[PDB]
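This is what each chain is made of:
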Amino acid sequence: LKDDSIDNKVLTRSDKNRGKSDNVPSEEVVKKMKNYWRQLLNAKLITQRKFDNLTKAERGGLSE
DNA sequence: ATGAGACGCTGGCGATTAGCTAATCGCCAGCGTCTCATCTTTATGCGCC
């Protein structure tokens, strides 16, 4: 999908740390940044849909 | 006593990939014999209810 909204974007130092280039960020990042994403969720900064997309990787990733 | 519902280039090319009767004409066609007998039938020729 074509998405320019903040719900799909994330600022990083380099795009190679996302994991795979054709799917939602790899399990190495979710199981290492879950505490930081939950702490960003309690701070009312990211929305619930953003956290759900950040956590959708461990839910099954992106099927076809 | 919240967390789902909303999903692509195809058509128009080439270019493979595959496959088929039909219309025209020519060629060329197993054949050789004899014996033996056997019967017919025909042409002509001869007769009155």
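- Method-wise, the PDB entry is recorded as coming from cryo-EM, at a reported resolution of 5.26 Å.

**Quick notes on the overall build of chain A**
1) Next: From N to C terminus, chain A includes two helices and zero strands.
2) Next: The globule rule puts the C-alpha radius of gyration for 64 residues at 11 Å, and the 12 Å found for chain A is close to it.
3) Next: Taking the principal axes of the C-alpha coordinates as reference, chain A spans close to 30 × 25 × 25 Å.
4) Next: Contacts in chain A between residues at least 24 apart in sequence constitute 46% of all its contacts with a sequence separation of at least 6.

**As for the packing of helix 1 (residues 27–42) against helix 2 (residues 48–59)**
1) Next: As a packed pair, helix 1 and helix 2 sit with axes 9 Å apart at the nearest point and diverge in direction by 155 degrees. Judged by the inter-axis angle, helix 1 sits roughly antiparallel to helix 2. Crossing hand, helix 1 versus helix 2: left-handed. For the pair formed by helix 1 and helix 2, the contact residues are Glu27, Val30, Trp37, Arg38 and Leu41 on the first element and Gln48, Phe51, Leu54, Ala57 and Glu58 on the second.

Definitions and limits used
- Residues numbered from 1 in each chain as written, not as in the entry; some residues may be left out.
- Chains lettered and ligands numbered in written order.
- Part of a larger assembly, values for the part shown.
- Heavy atoms only, no water.
- Residues with missing side-chain atoms left out of burial classes, pairs and counts.
- Helix = DSSP H or I, 4+ residues; strand = E, 2+ residues; numbered from the N terminus.
- Rg over C-alpha atoms; globule rule 2.2 N^0.38 Å.
- Contact = heavy atoms within 4.5 Å.
- Axes fitted to C-alpha atoms, helices over the stretch in contact; angles between N-to-C directions.
- Parallel < 35°, antiparallel > 145°, perpendicular 65-115°, else oblique.
- Left-handed = near helix turned anticlockwise from the far one by under 90°.

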